[PDB]
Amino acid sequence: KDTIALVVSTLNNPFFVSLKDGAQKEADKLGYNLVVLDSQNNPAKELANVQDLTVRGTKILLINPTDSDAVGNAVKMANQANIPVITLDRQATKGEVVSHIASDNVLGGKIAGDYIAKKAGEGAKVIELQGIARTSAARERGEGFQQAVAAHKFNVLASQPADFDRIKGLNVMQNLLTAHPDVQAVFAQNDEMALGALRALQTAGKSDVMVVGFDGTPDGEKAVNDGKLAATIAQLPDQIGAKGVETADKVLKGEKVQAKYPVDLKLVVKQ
């Protein structure tokens, strides 16, 4: 069997566990051998994973960057070693990449901000819990959100990163609440941070602030069905994983593939 390596940014996130479950499932069918390596949100650990793979007979590198501007060195490592690189979910700012499979995050952010102005109203006071700073996913969701901010004339009380983490989202929202109790709505750039934020509000006795997440994870949906989470922007993690192995297969077969592969978004609300 040929070996395909998946270098995922972290396994401490349901989304990436689904992205990896999809890859595994597709590789299994196509007959490939998939090696999964956790970078644990550490650019240095990521870089160390790519060097380790190059001497292992890794045919294709499927990589989800910890930092879109720092992964440049690890991608050029694979280039020198003549191992094709396909970035999943987050793009690389440098290095030679064969194909990029991701969602339209600039869109998903705007959809988020439009739904907020629909339920909370124009001129709503909002707090944005951003994701890992130099990742393209966070950078894009912020751009799209700013489109809703400008269009719906939102008053952004605060905007701060909680690194796509639940606990960190719980603590970031806790301190922001202390200084901004008049917050009407929260846009959390992923479901983990949204669930964290929902717990902070609970702790503060504010079961009235409108929270919108992103990803549509199993937990992210549960909360929607319990009326706890107003809405989340569902992504298809399992399909960004499958599309990675499939595109990896076609490249190993000499077939020419597209430099970009989009995956649909879908607003999720209770019903």
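The first residue of the shown sequence is 1; numbering continues from there.
- Taking the mean C-alpha B-factor of each stretch as recorded, 58 to 66 and 45 to 53 are not equal, and the higher mean is that of 45 to 53.
- Legend: mean Cα B-factor per stretch from the PDB entry, 88 to 96 versus 152 to 160; the higher mean is in 152 to 160.
- Annotation for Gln184: C-alpha temperature factor in the middle third relative to the rest of the modelled chain, per the entry.
- Ranked by Cα temperature factor within the chain, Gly72 sits in the lowest third according to the deposited record.
- The PDB entry assigns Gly144 a C-alpha temperature factor belonging to the middle third of its chain's modelled residues.
- In the deposited entry, the Cα temperature factor of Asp104 places it in the middle third of its chain's modelled residues.
- When all modelled residues of the chain are sorted by CA temperature factor, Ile127 is found within the middle third.
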